[PDB]
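Enquirer: One file: data.cif (mmCIF, C-alpha atoms).
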```
data_final
loop_
_atom_site.group_PDB
_atom_site.id
_atom_site.type_symbol
_atom_site.label_atom_id
_atom_site.label_comp_id
_atom_site.auth_asym_id
_atom_site.auth_seq_id
_atom_site.Cartn_x
_atom_site.Cartn_y
_atom_site.Cartn_z
ATOM 1 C CA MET O 1 -86.130 126.687 -3.186
ATOM 2 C CA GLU O 2 -89.583 128.005 -4.284
ATOM 3 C CA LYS O 3 -89.955 128.324 -8.134
ATOM 4 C CA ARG O 4 -91.929 131.566 -7.811
ATOM 5 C CA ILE O 5 -92.404 132.421 -11.529
ATOM 6 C CA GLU O 6 -93.255 128.801 -12.559
ATOM 7 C CA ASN O 7 -95.779 128.570 -9.674
ATOM 8 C CA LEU O 8 -97.416 131.954 -10.525
ATOM 9 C CA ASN O 9 -97.649 130.905 -14.226
ATOM 10 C CA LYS O 10 -99.359 127.615 -13.147
ATOM 11 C CA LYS O 11 -101.746 129.594 -10.858
ATOM 12 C CA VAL O 12 -102.698 131.911 -13.802
ATOM 13 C CA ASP O 13 -103.287 128.967 -16.220
ATOM 14 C CA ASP O 14 -105.303 126.988 -13.670
ATOM 15 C CA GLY O 15 -107.339 130.075 -12.672
ATOM 16 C CA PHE O 16 -108.090 130.967 -16.321
ATOM 17 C CA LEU O 17 -109.195 127.306 -16.891
ATOM 18 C CA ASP O 18 -111.603 127.514 -13.921
ATOM 19 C CA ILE O 19 -113.017 130.889 -15.167
ATOM 20 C CA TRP O 20 -113.560 129.731 -18.783
ATOM 21 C CA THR O 21 -114.998 126.342 -17.646
ATOM 22 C CA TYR O 22 -117.549 128.274 -15.487
ATOM 23 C CA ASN O 23 -118.377 130.566 -18.467
ATOM 24 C CA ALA O 24 -119.013 127.474 -20.642
ATOM 25 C CA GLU O 25 -121.260 125.813 -18.035
ATOM 26 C CA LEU O 26 -123.382 128.957 -17.500
ATOM 27 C CA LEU O 27 -123.754 129.533 -21.257
ATOM 28 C CA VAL O 28 -124.953 125.905 -21.834
ATOM 29 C CA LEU O 29 -127.592 126.330 -19.033
ATOM 30 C CA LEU O 30 -128.793 129.666 -20.536
ATOM 31 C CA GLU O 31 -129.025 128.048 -24.021
ATOM 32 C CA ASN O 32 -130.913 125.023 -22.565
ATOM 33 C CA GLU O 33 -133.504 127.388 -20.923
ATOM 34 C CA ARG O 34 -133.630 129.229 -24.349
ATOM 35 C CA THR O 35 -132.798 132.524 -22.522
ATOM 36 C CA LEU O 36 -130.334 133.036 -25.383
ATOM 37 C CA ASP O 37 -131.083 131.630 -28.852
ATOM 38 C CA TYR O 38 -128.259 129.351 -30.171
ATOM 39 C CA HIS O 39 -129.455 130.442 -33.713
ATOM 40 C CA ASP O 40 -128.390 134.144 -33.029
ATOM 41 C CA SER O 41 -124.897 135.137 -34.420
ATOM 42 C CA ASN O 42 -124.185 137.198 -31.237
ATOM 43 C CA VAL O 43 -124.791 134.056 -29.101
ATOM 44 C CA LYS O 44 -122.658 131.964 -31.528
ATOM 45 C CA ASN O 45 -119.882 134.583 -31.029
ATOM 46 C CA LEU O 46 -120.014 133.969 -27.197
ATOM 47 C CA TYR O 47 -119.863 130.203 -27.722
ATOM 48 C CA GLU O 48 -116.858 130.546 -30.058
ATOM 49 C CA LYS O 49 -114.986 132.696 -27.492
ATOM 50 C CA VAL O 50 -115.482 130.142 -24.658
ATOM 51 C CA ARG O 51 -114.572 127.280 -26.998
ATOM 52 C CA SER O 52 -111.380 129.074 -28.233
ATOM 53 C CA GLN O 53 -110.292 129.816 -24.660
ATOM 54 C CA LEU O 54 -110.835 126.204 -23.419
ATOM 55 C CA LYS O 55 -108.923 124.630 -26.347
ATOM 56 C CA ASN O 56 -106.027 127.146 -25.757
ATOM 57 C CA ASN O 57 -105.666 126.320 -21.997
ATOM 58 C CA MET Y 1 -83.185 135.561 -23.169
ATOM 59 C CA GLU Y 2 -86.893 135.080 -22.230
ATOM 60 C CA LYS Y 3 -88.384 138.077 -20.266
ATOM 61 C CA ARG Y 4 -90.409 135.768 -18.012
ATOM 62 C CA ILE Y 5 -91.999 138.366 -15.666
ATOM 63 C CA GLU Y 6 -92.848 140.844 -18.500
ATOM 64 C CA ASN Y 7 -94.406 137.986 -20.536
ATOM 65 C CA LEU Y 8 -96.460 136.666 -17.553
ATOM 66 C CA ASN Y 9 -97.675 140.248 -16.813
ATOM 67 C CA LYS Y 10 -98.759 140.602 -20.502
ATOM 68 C CA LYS Y 11 -100.519 137.178 -20.326
ATOM 69 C CA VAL Y 12 -102.445 138.296 -17.167
ATOM 70 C CA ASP Y 13 -103.494 141.662 -18.726
ATOM 71 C CA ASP Y 14 -104.539 140.063 -22.018
ATOM 72 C CA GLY Y 15 -106.417 137.251 -20.221
ATOM 73 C CA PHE Y 16 -108.253 139.712 -17.930
ATOM 74 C CA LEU Y 17 -109.209 141.768 -21.061
ATOM 75 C CA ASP Y 18 -110.664 138.646 -22.735
ATOM 76 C CA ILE Y 19 -112.617 137.711 -19.532
ATOM 77 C CA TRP Y 20 -114.097 141.208 -18.987
ATOM 78 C CA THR Y 21 -114.896 141.622 -22.734
ATOM 79 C CA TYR Y 22 -116.847 138.294 -22.573
ATOM 80 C CA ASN Y 23 -118.664 139.482 -19.393
ATOM 81 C CA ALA Y 24 -119.677 142.707 -21.202
ATOM 82 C CA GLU Y 25 -120.949 140.852 -24.291
ATOM 83 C CA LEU Y 26 -123.046 138.382 -22.250
ATOM 84 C CA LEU Y 27 -124.529 141.174 -20.106
ATOM 85 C CA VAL Y 28 -125.578 143.199 -23.225
ATOM 86 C CA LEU Y 29 -127.318 140.061 -24.679
ATOM 87 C CA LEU Y 30 -129.140 139.408 -21.350
ATOM 88 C CA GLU Y 31 -130.252 143.090 -21.200
ATOM 89 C CA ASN Y 32 -131.415 142.958 -24.869
ATOM 90 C CA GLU Y 33 -133.585 139.841 -24.104
ATOM 91 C CA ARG Y 34 -134.829 141.780 -20.968
ATOM 92 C CA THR Y 35 -133.744 138.789 -18.785
ATOM 93 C CA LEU Y 36 -132.256 141.475 -16.528
ATOM 94 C CA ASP Y 37 -133.871 144.926 -16.307
ATOM 95 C CA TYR Y 38 -131.392 147.779 -17.099
ATOM 96 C CA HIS Y 39 -133.637 149.955 -14.776
ATOM 97 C CA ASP Y 40 -132.689 147.774 -11.669
ATOM 98 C CA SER Y 41 -129.829 149.207 -9.460
ATOM 99 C CA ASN Y 42 -128.378 145.664 -8.991
ATOM 100 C CA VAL Y 43 -128.112 145.297 -12.811
ATOM 101 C CA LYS Y 44 -126.626 148.837 -13.073
ATOM 102 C CA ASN Y 45 -124.022 147.721 -10.470
ATOM 103 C CA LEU Y 46 -122.995 144.776 -12.784
ATOM 104 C CA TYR Y 47 -122.732 147.119 -15.770
ATOM 105 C CA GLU Y 48 -120.563 149.564 -13.790
ATOM 106 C CA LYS Y 49 -118.189 146.747 -12.723
ATOM 107 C CA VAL Y 50 -117.659 145.525 -16.333
ATOM 108 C CA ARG Y 51 -117.261 149.110 -17.551
ATOM 109 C CA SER Y 52 -114.700 149.950 -14.781
ATOM 110 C CA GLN Y 53 -112.682 146.814 -15.555
ATOM 111 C CA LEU Y 54 -112.581 147.447 -19.359
ATOM 112 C CA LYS Y 55 -111.488 151.104 -18.988
ATOM 113 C CA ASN Y 56 -108.735 149.987 -16.491
ATOM 114 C CA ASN Y 57 -107.244 147.315 -18.855
ATOM 115 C CA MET L 1 -86.789 148.591 -5.735
ATOM 116 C CA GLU L 2 -90.023 147.237 -7.339
ATOM 117 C CA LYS L 3 -91.094 143.774 -5.950
ATOM 118 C CA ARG L 4 -92.209 142.586 -9.393
ATOM 119 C CA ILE L 5 -93.237 138.980 -8.546
ATOM 120 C CA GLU L 6 -95.044 139.947 -5.276
ATOM 121 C CA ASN L 7 -96.915 142.740 -7.134
ATOM 122 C CA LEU L 8 -97.918 140.442 -10.062
ATOM 123 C CA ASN L 9 -99.122 137.778 -7.551
ATOM 124 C CA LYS L 10 -101.248 140.468 -5.775
ATOM 125 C CA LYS L 11 -102.631 141.638 -9.177
ATOM 126 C CA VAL L 12 -103.637 138.010 -10.050
ATOM 127 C CA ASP L 13 -105.332 137.421 -6.639
ATOM 128 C CA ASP L 14 -107.166 140.755 -6.726
ATOM 129 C CA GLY L 15 -108.236 140.233 -10.366
ATOM 130 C CA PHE L 16 -109.504 136.687 -9.661
ATOM 131 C CA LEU L 17 -111.470 138.091 -6.643
ATOM 132 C CA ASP L 18 -113.117 140.732 -8.874
ATOM 133 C CA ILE L 19 -113.989 138.080 -11.549
ATOM 134 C CA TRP L 20 -115.496 135.565 -9.076
ATOM 135 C CA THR L 21 -117.372 138.335 -7.163
ATOM 136 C CA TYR L 22 -118.947 139.428 -10.514
ATOM 137 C CA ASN L 23 -119.849 135.772 -11.315
ATOM 138 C CA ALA L 24 -121.571 135.471 -7.902
ATOM 139 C CA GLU L 25 -123.544 138.713 -8.351
ATOM 140 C CA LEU L 26 -124.778 137.768 -11.852
ATOM 141 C CA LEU L 27 -125.775 134.259 -10.722
ATOM 142 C CA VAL L 28 -127.825 135.647 -7.755
ATOM 143 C CA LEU L 29 -129.680 138.050 -10.158
ATOM 144 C CA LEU L 30 -130.409 135.180 -12.621
ATOM 145 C CA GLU L 31 -131.693 132.985 -9.731
ATOM 146 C CA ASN L 32 -133.854 135.882 -8.401
ATOM 147 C CA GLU L 33 -135.480 136.316 -11.891
ATOM 148 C CA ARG L 34 -135.900 132.447 -11.904
ATOM 149 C CA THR L 35 -134.018 132.332 -15.271
ATOM 150 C CA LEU L 36 -132.139 129.425 -13.678
ATOM 151 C CA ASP L 37 -133.866 127.176 -11.123
ATOM 152 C CA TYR L 38 -131.934 126.962 -7.786
ATOM 153 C CA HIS L 39 -133.563 123.444 -7.426
ATOM 154 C CA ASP L 40 -131.602 122.120 -10.543
ATOM 155 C CA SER L 41 -128.337 120.172 -9.732
ATOM 156 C CA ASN L 42 -126.561 121.852 -12.716
ATOM 157 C CA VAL L 43 -127.385 125.302 -11.229
ATOM 158 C CA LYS L 44 -126.298 124.088 -7.742
ATOM 159 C CA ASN L 45 -122.978 123.019 -9.370
ATOM 160 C CA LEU L 46 -122.455 126.649 -10.648
ATOM 161 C CA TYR L 47 -123.235 128.053 -7.198
ATOM 162 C CA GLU L 48 -120.769 125.645 -5.548
ATOM 163 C CA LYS L 49 -117.991 126.663 -7.989
ATOM 164 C CA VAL L 50 -118.441 130.418 -7.284
ATOM 165 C CA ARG L 51 -118.671 129.748 -3.544
ATOM 166 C CA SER L 52 -115.487 127.560 -3.563
ATOM 167 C CA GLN L 53 -113.558 130.204 -5.509
ATOM 168 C CA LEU L 54 -114.606 133.110 -3.199
ATOM 169 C CA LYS L 55 -113.720 131.220 0.018
ATOM 170 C CA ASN L 56 -110.290 130.273 -1.530
ATOM 171 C CA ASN L 57 -109.357 133.909 -2.454
#
```
Mind converting the file's structure to structure tokens?
Expert:
Amino acid sequence: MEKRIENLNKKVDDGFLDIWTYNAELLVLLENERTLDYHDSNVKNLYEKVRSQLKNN
Amino acid sequence: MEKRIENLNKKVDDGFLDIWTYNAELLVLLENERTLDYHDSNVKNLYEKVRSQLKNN
Amino acid sequence: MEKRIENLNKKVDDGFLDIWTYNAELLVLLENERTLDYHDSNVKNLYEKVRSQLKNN
């Protein structure tokens, strides 16, 4: 019998991982082009959010 | 006893809030650098999506 | 009676669609400004992730 709640929890975790992994990859490309300055506290704040989310997943 | 569906609903809402809050913060940094022009209707359309999602959460 | 698991599954699918649609729209604006180079394999990798996610939803 289908474990509906376990499967939906796994779908949410996996989906959140894919979303935060994409956010990390875009942010590293924007920092490499220098679009955003890694020295700026507002940019550091973005980086810390993505990092926090990936370690949590 | 664990309220599994209530807890998974709270996890989804909280996760969506964190994702849309990040989208808003990146978009304001890209508009401040003028990478995207706030005058452009396609950029306004992004802004309205993030705004709609944050008010809904 | 409320179909709680069916409704939470629909909320997750719809939310993921809105998140990946936003990612696609931002990436096309950043490629149009040439912030990111569509010729770069790392940028192609972003594009393929968003594309994969939208076709799956």
Enquirer: Given all atoms listed in the file, how would the per-residue table for chain L near chain O read, listing every residue at most 10 Å away with its closest atom pair and distance in Å to one decimal, sorted by chain and number, as a tab-separated table?
Expert:
```
residue	atom	partner	partner_atom	distance
L:5	CA	O:5	CA	7.3
L:6	CA	O:4	CA	9.3
L:8	CA	O:8	CA	8.5
L:9	CA	O:8	CA	6.8
L:12	CA	O:12	CA	7.2
L:13	CA	O:12	CA	9.4
L:16	CA	O:15	CA	7.6
L:19	CA	O:19	CA	8.1
L:20	CA	O:19	CA	8.1
L:23	CA	O:22	CA	8.9
L:27	CA	O:26	CA	8.9
L:30	CA	O:30	CA	9.8
L:35	CA	O:35	CA	7.4
L:36	CA	O:30	CA	7.6
L:37	CA	O:33	CA	9.8
L:42	CA	O:29	CA	7.8
L:43	CA	O:29	CA	7.9
L:45	CA	O:25	CA	9.3
L:46	CA	O:22	CA	7.1
L:49	CA	O:22	CA	7.7
L:50	CA	O:22	CA	8.5
L:53	CA	O:18	CA	9.0
```
Enquirer: In Å, with one decimal, what is the gap from CA of residue 28 in chain L to CA of residue 55 in chain O?
Expert: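 Going from CA of residue 28 in chain L over to CA of residue 55 in chain O, I get 28.7 Å.
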Enquirer: Quote the spacing between CA of residue 52 in chain O and CA of residue 54 in chain Y in Å to one decimal place.
Expert: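 It comes out at 20.4 Å.
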Enquirer: Kindly provide, as lines of an AutoDock Vina configuration file, the centre and edge lengths (Å, one decimal) of an axis-aligned box around all atoms of range 4-18 of chain L given in the file, with 5 Å on each side.
Expert:
```
center_x = -102.7
center_y = 139.7
center_z = -7.8
size_x = 30.9
size_y = 16.1
size_z = 15.1
```
Enquirer: Can you patch up range 15-42 of chain O, filling it in to N, CA and C atoms, and show the result as an mmCIF file, keeping the file's coordinate frame?
Expert:
```cif
data_model
loop_
_atom_site.group_PDB
_atom_site.id
_atom_site.type_symbol
_atom_site.label_atom_id
_atom_site.label_comp_id
_atom_site.auth_asym_id
_atom_site.auth_seq_id
_atom_site.Cartn_x
_atom_site.Cartn_y
_atom_site.Cartn_z
ATOM 1 N N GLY O 15 -106.250 129.141 -12.957
ATOM 2 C CA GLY O 15 -107.339 130.075 -12.672
ATOM 3 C C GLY O 15 -108.122 130.401 -13.927
ATOM 4 N N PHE O 16 -107.435 130.685 -15.019
ATOM 5 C CA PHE O 16 -108.090 130.967 -16.321
ATOM 6 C C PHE O 16 -108.916 129.748 -16.723
ATOM 7 N N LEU O 17 -108.403 128.525 -16.556
ATOM 8 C CA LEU O 17 -109.195 127.306 -16.891
ATOM 9 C C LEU O 17 -110.484 127.302 -16.092
ATOM 10 N N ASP O 18 -110.407 127.587 -14.787
ATOM 11 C CA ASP O 18 -111.603 127.514 -13.921
ATOM 12 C C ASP O 18 -112.622 128.580 -14.368
ATOM 13 N N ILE O 19 -112.137 129.752 -14.751
ATOM 14 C CA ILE O 19 -113.017 130.889 -15.167
ATOM 15 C C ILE O 19 -113.707 130.539 -16.481
ATOM 16 N N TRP O 20 -112.959 130.050 -17.465
ATOM 17 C CA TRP O 20 -113.560 129.731 -18.783
ATOM 18 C C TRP O 20 -114.450 128.500 -18.710
ATOM 19 N N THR O 21 -114.140 127.535 -17.846
ATOM 20 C CA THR O 21 -114.998 126.342 -17.646
ATOM 21 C C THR O 21 -116.346 126.788 -17.054
ATOM 22 N N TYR O 22 -116.328 127.706 -16.077
ATOM 23 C CA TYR O 22 -117.549 128.274 -15.487
ATOM 24 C C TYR O 22 -118.314 128.995 -16.590
ATOM 25 N N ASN O 23 -117.657 129.826 -17.393
ATOM 26 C CA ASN O 23 -118.377 130.566 -18.467
ATOM 27 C C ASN O 23 -119.086 129.562 -19.378
ATOM 28 N N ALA O 24 -118.420 128.471 -19.732
ATOM 29 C CA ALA O 24 -119.013 127.474 -20.642
ATOM 30 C C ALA O 24 -120.252 126.856 -20.004
ATOM 31 N N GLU O 25 -120.170 126.537 -18.727
ATOM 32 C CA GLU O 25 -121.260 125.813 -18.035
ATOM 33 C C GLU O 25 -122.466 126.743 -17.900
ATOM 34 N N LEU O 26 -122.255 128.025 -17.595
ATOM 35 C CA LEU O 26 -123.382 128.957 -17.500
ATOM 36 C C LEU O 26 -124.017 129.125 -18.872
ATOM 37 N N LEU O 27 -123.210 129.255 -19.907
ATOM 38 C CA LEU O 27 -123.754 129.533 -21.257
ATOM 39 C C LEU O 27 -124.582 128.325 -21.666
ATOM 40 N N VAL O 28 -124.146 127.084 -21.403
ATOM 41 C CA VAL O 28 -124.953 125.905 -21.834
ATOM 42 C C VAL O 28 -126.275 125.894 -21.058
ATOM 43 N N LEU O 29 -126.308 126.269 -19.772
ATOM 44 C CA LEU O 29 -127.592 126.330 -19.033
ATOM 45 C C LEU O 29 -128.483 127.425 -19.602
ATOM 46 N N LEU O 30 -127.950 128.568 -20.002
ATOM 47 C CA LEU O 30 -128.793 129.666 -20.536
ATOM 48 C C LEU O 30 -129.314 129.255 -21.913
ATOM 49 N N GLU O 31 -128.537 128.509 -22.684
ATOM 50 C CA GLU O 31 -129.025 128.048 -24.021
ATOM 51 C C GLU O 31 -130.088 126.974 -23.809
ATOM 52 N N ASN O 32 -129.947 126.113 -22.815
ATOM 53 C CA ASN O 32 -130.913 125.023 -22.565
ATOM 54 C C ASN O 32 -132.253 125.626 -22.121
ATOM 55 N N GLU O 33 -132.255 126.716 -21.351
ATOM 56 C CA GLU O 33 -133.504 127.388 -20.923
ATOM 57 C C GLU O 33 -134.085 128.210 -22.078
ATOM 58 N N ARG O 34 -133.335 128.387 -23.161
ATOM 59 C CA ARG O 34 -133.630 129.229 -24.349
ATOM 60 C C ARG O 34 -133.602 130.721 -23.992
ATOM 61 N N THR O 35 -132.924 131.113 -22.915
ATOM 62 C CA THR O 35 -132.798 132.524 -22.522
ATOM 63 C C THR O 35 -132.118 133.245 -23.685
ATOM 64 N N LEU O 36 -131.061 132.615 -24.183
ATOM 65 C CA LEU O 36 -130.334 133.036 -25.383
ATOM 66 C C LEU O 36 -130.657 132.014 -26.462
ATOM 67 N N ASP O 37 -130.810 132.496 -27.675
ATOM 68 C CA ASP O 37 -131.083 131.630 -28.852
ATOM 69 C C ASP O 37 -129.765 131.209 -29.513
ATOM 70 N N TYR O 38 -129.469 129.917 -29.523
ATOM 71 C CA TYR O 38 -128.259 129.351 -30.171
ATOM 72 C C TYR O 38 -128.242 129.720 -31.667
ATOM 73 N N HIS O 39 -129.385 130.048 -32.278
ATOM 74 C CA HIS O 39 -129.455 130.442 -33.713
ATOM 75 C C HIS O 39 -128.882 131.853 -33.942
ATOM 76 N N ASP O 40 -128.793 132.713 -32.924
ATOM 77 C CA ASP O 40 -128.390 134.144 -33.029
ATOM 78 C C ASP O 40 -126.860 134.243 -33.199
ATOM 79 N N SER O 41 -126.358 135.004 -34.177
ATOM 80 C CA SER O 41 -124.897 135.137 -34.420
ATOM 81 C C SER O 41 -124.179 135.717 -33.196
ATOM 82 N N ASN O 42 -124.829 136.586 -32.425
ATOM 83 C CA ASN O 42 -124.185 137.198 -31.237
ATOM 84 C C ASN O 42 -123.982 136.118 -30.176
#
```
